[PDB]
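As structure tokens, the structure follows; a few thoughts come after it.
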Amino acid sequence: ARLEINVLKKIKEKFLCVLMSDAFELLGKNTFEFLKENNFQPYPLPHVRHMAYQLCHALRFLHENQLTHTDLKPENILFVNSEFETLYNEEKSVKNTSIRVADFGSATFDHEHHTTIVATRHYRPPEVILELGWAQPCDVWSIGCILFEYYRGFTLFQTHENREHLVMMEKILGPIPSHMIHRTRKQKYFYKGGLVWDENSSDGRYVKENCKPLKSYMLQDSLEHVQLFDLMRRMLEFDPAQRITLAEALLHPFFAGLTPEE
């Protein structure tokens with residue numbers, strides 16, 4: 001099943017992706033390894049900004065060429081060089097914050113058959129869970145979750161099951177748009193428009209204690225933090241038709257803080 005090779009060849013011909021030589025180039029540790037190798041202490045905002053910029057550029061490229069990745073997660077984003085400079089206050093900070101997007105094994109073309117369920121759970125969007133169909137906006141959702149993870153050090157949706165996941169989504173982002181609820185065949189999750197959920201269950205207890213409205217995860221109050229969260233909340237729009245595109249995301253005030261080298 002090296003129809004992966006095919007995608008890689010189609011991609012090369014059109015580029016912050018890890019692509020083929022014939023296997024490919026070796027790079028540094030991935031952005032999750034680095035997180036774990038640093039106690040899950042977040043990346044500082046400037047790193048998060050440069051990484052976000054690169055991600056949006058990388059996938060805007062796929063997205064404008066009839067491709068969705070479907071499996072973006074911190075494990076598939078690679079530092080070109082993960083050499084770091086430890087500093088006491090001990091936290092680690094990577095030297096060169098350039099990244100590459102990897103693993104096009106799941107990348108799907110517009111015209112290809114779309115499997116119902118795609119993405120790794122924590123990075124999977126509501127349209128997929130509710131089986132409303134999916135395309136490029138899938139990746140944008142994943143990118144929102146990933147940026148949050150870079151900025152706080154922990155997963156946005158640390159979940160194991162659909163119902164819980166949906167409850168976490170409402171907890172953090174507000175209620176699911178009613179039209180999406182009317183449209184899904186997955187009605188077993190709902191009653192009179194409301195997610196069926198026992199708050200006294202162990203998971204229900206986890207969510208009450210640990211999931212809160214998105215803005216409340218802001219570490220600092222500076223403009224740059226406010227903008228990152230404005231951009232994240234647009235990437236984590238429930239409705240894929242209304243969710244921001246990566247072309248649009250790059251025209252966001254958040255990226256004003258980039259160096260011109262960056």
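In the structure tokens, chains take the letters A, B, ... in the order shown, each chain's residues start at 1, and ligands count up from 1 in the order shown.
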
Residue contacts of residue A:185 (9 Å, only C-alpha atoms) excluding same-chain residues fewer than 2 positions away, as number ranges by chain: A: 130-132, 181-183, 187-188

Nearest to residue A:43, chosen from A:94, A:166, A:228, A:5, with only C-alpha atoms counted in the distances: A:94

Nearest to residue A:169, chosen from A:105, A:213, A:193, A:133, with only C-alpha atoms counted in the distances: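 Of all the options, A:213 lies closest to residue A:169.
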
Exercise: stretch 6-15 of chain A partners within 10 Å, only C-alpha atoms, chain neighbours under 3 positions left out, as a PyMOL selection string: chain A and resi 1-3+18-22+57-59+61-62+65+67+100-101+103-109

Output for the residues just chosen: N, CA, C and O atoms as a CSV table (one decimal), in the first residue's frame:
```csv
chain,number,residue,atom,x,y,z
A,1,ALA,N,0.8,-1.3,0.0
A,1,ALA,CA,0.0,0.0,0.0
A,1,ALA,C,0.9,1.3,0.0
A,1,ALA,O,0.7,2.1,0.8
A,2,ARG,N,1.8,1.4,-1.0
A,2,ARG,CA,2.6,2.6,-1.2
A,2,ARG,C,1.9,3.5,-2.2
A,2,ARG,O,2.6,4.0,-3.2
A,3,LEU,N,0.6,3.7,-2.1
A,3,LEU,CA,-0.1,4.8,-2.7
A,3,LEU,C,0.3,6.1,-1.9
A,3,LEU,O,-0.1,7.2,-2.3
A,18,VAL,N,8.3,16.8,4.9
A,18,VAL,CA,9.3,15.8,4.8
A,18,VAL,C,8.9,14.9,3.6
A,18,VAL,O,8.0,14.1,3.7
A,19,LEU,N,9.6,15.1,2.5
A,19,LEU,CA,9.3,14.3,1.3
A,19,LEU,C,10.5,13.4,0.9
A,19,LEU,O,11.6,13.5,1.5
A,20,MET,N,10.2,12.5,0.0
A,20,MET,CA,11.1,11.5,-0.5
A,20,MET,C,12.4,11.9,-1.1
A,20,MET,O,12.4,12.9,-1.9
A,21,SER,N,13.5,11.2,-0.9
A,21,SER,CA,14.6,11.1,-1.8
A,21,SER,C,14.4,10.0,-2.8
A,21,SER,O,14.5,10.2,-4.0
A,22,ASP,N,14.1,8.8,-2.2
A,22,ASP,CA,13.7,7.6,-3.1
A,22,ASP,C,12.8,6.6,-2.4
A,22,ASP,O,12.7,6.7,-1.2
A,57,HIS,N,1.4,27.5,6.6
A,57,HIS,CA,2.0,27.6,5.2
A,57,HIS,C,2.1,26.2,4.6
A,57,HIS,O,1.6,26.0,3.5
A,58,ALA,N,2.6,25.2,5.4
A,58,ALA,CA,2.7,23.8,4.9
A,58,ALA,C,1.4,23.2,4.4
A,58,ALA,O,1.3,22.6,3.3
A,59,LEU,N,0.3,23.4,5.2
A,59,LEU,CA,-1.0,22.8,4.9
A,59,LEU,C,-1.8,23.6,3.9
A,59,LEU,O,-2.6,23.0,3.2
A,61,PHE,N,-0.6,24.8,1.4
A,61,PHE,CA,0.0,24.2,0.2
A,61,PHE,C,-0.8,23.0,-0.2
A,61,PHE,O,-1.2,22.8,-1.4
A,62,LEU,N,-0.9,22.0,0.7
A,62,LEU,CA,-1.7,20.8,0.4
A,62,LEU,C,-3.1,21.1,0.1
A,62,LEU,O,-3.7,20.6,-0.9
A,65,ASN,N,-4.0,22.4,-3.3
A,65,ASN,CA,-3.7,21.3,-4.3
A,65,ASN,C,-4.6,20.1,-4.1
A,65,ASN,O,-4.1,18.9,-4.3
A,67,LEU,N,-5.7,18.4,-1.5
A,67,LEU,CA,-5.2,17.4,-0.5
A,67,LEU,C,-5.6,17.8,0.9
A,67,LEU,O,-5.5,18.9,1.3
A,100,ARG,N,9.1,20.7,10.0
A,100,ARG,CA,8.6,20.0,8.8
A,100,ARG,C,7.4,19.1,9.2
A,100,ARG,O,7.4,18.4,10.3
A,101,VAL,N,6.4,19.1,8.3
A,101,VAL,CA,5.2,18.2,8.5
A,101,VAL,C,5.5,16.8,7.8
A,101,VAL,O,5.9,16.8,6.6
A,103,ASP,N,4.5,12.3,7.4
A,103,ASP,CA,3.5,11.2,7.4
A,103,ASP,C,2.3,11.5,6.6
A,103,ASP,O,1.2,11.7,7.1
A,104,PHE,N,2.5,11.4,5.3
A,104,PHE,CA,1.4,11.6,4.3
A,104,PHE,C,0.7,10.2,3.9
A,104,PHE,O,0.0,10.2,2.9
A,105,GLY,N,1.0,9.2,4.7
A,105,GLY,CA,0.3,7.9,4.6
A,105,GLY,C,-1.2,8.0,4.6
A,105,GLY,O,-1.8,7.1,4.0
A,106,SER,N,-1.8,9.0,5.2
A,106,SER,CA,-3.3,9.1,5.2
A,106,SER,C,-3.8,10.2,4.3
A,106,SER,O,-5.0,10.3,4.1
A,107,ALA,N,-2.9,11.1,3.7
A,107,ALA,CA,-3.3,12.2,2.9
A,107,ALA,C,-4.3,11.8,1.8
A,107,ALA,O,-4.0,10.9,1.0
A,108,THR,N,-5.5,12.4,1.8
A,108,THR,CA,-6.6,12.1,0.9
A,108,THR,C,-6.8,13.2,-0.1
A,108,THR,O,-6.9,14.4,0.2
A,109,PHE,N,-6.9,12.9,-1.4
A,109,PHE,CA,-7.3,13.8,-2.5
A,109,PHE,C,-8.8,14.0,-2.5
A,109,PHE,O,-9.5,13.1,-2.2
```

Exercise: residue A:40 partners within 7 Å, only C-alpha atoms, chain neighbours under 2 positions left out, as number ranges by chain: A: 35-36, 38, 42, 153-154

Selection: 7 Å around residue A:72, only C-alpha atoms, excl. self and same-chain fewer than 2 positions, as number ranges by chain: A: 69-70, 76, 139, 142

Residues near residue A:240, cut-off 10 Å, only C-alpha atoms, skip fewer than 4 positions along chain, as a VMD selection string: chain A and resid 125 to 127 132 to 138 140 to 141 235 to 236 244 to 245

May I have the selected residues written with N, CA and C atoms, as a short mmCIF file (atom, residue, chain, number, x, y, z; two decimals), in the first residue's frame?
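The resulting again-v3.cif:
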```cif
data_model
loop_
_atom_site.label_atom_id
_atom_site.label_comp_id
_atom_site.auth_asym_id
_atom_site.auth_seq_id
_atom_site.Cartn_x
_atom_site.Cartn_y
_atom_site.Cartn_z
N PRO A 125 -11.92 16.29 14.51
CA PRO A 125 -12.94 17.33 14.58
C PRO A 125 -14.34 16.80 14.75
N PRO A 126 -15.28 17.69 15.15
CA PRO A 126 -16.66 17.28 15.37
C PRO A 126 -17.37 16.74 14.13
N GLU A 127 -17.08 17.29 12.95
CA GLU A 127 -17.76 16.81 11.76
C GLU A 127 -17.46 15.34 11.54
N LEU A 132 -20.52 14.04 9.61
CA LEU A 132 -21.10 15.04 8.73
C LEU A 132 -20.31 15.21 7.42
N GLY A 133 -19.32 14.34 7.23
CA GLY A 133 -18.40 14.45 6.10
C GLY A 133 -17.26 15.37 6.46
N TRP A 134 -16.14 15.26 5.73
CA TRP A 134 -14.97 16.07 6.06
C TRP A 134 -14.13 16.34 4.84
N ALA A 135 -13.28 17.35 4.96
CA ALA A 135 -12.33 17.69 3.93
C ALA A 135 -11.24 18.51 4.61
N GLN A 136 -10.62 19.44 3.88
CA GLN A 136 -9.51 20.25 4.39
C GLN A 136 -9.72 20.90 5.77
N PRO A 137 -10.93 21.36 6.07
CA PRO A 137 -11.10 21.93 7.40
C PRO A 137 -10.74 20.98 8.55
N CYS A 138 -10.83 19.68 8.32
CA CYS A 138 -10.34 18.68 9.27
C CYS A 138 -8.96 19.06 9.81
N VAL A 140 -7.39 21.91 9.81
CA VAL A 140 -7.40 23.19 10.50
C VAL A 140 -7.76 22.97 11.96
N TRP A 141 -8.73 22.11 12.19
CA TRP A 141 -9.10 21.73 13.55
C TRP A 141 -7.92 21.14 14.27
N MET A 235 -9.92 28.52 14.59
CA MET A 235 -9.53 27.20 14.10
C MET A 235 -10.40 26.09 14.71
N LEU A 236 -10.96 26.33 15.91
CA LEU A 236 -11.82 25.37 16.60
C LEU A 236 -13.30 25.77 16.56
N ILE A 244 -12.26 28.89 9.95
CA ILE A 244 -11.27 29.64 9.20
C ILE A 244 -10.47 28.70 8.29
N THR A 245 -10.11 29.19 7.11
CA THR A 245 -9.16 28.49 6.24
C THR A 245 -7.73 28.88 6.60
#
```

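Atom CA of residue A:173 is found 19.9 Å from atom CA of residue A:192.
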
Atom pair atom CA of residue A:93 / atom CA of residue A:172: separation (Å):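 Answer for the atom CA of residue A:93 to atom CA of residue A:172 separation: 28.7 Å.
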
Which of A:226, A:17, A:23, A:128 sits closest to residue A:115 [using only C-alpha atoms]: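 Selected residue with least distance to residue A:115: A:128.
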
Selected residue, from A:96, A:90, A:112, A:249, that lies nearest to residue A:66 when counting only C-alpha atoms: A:112
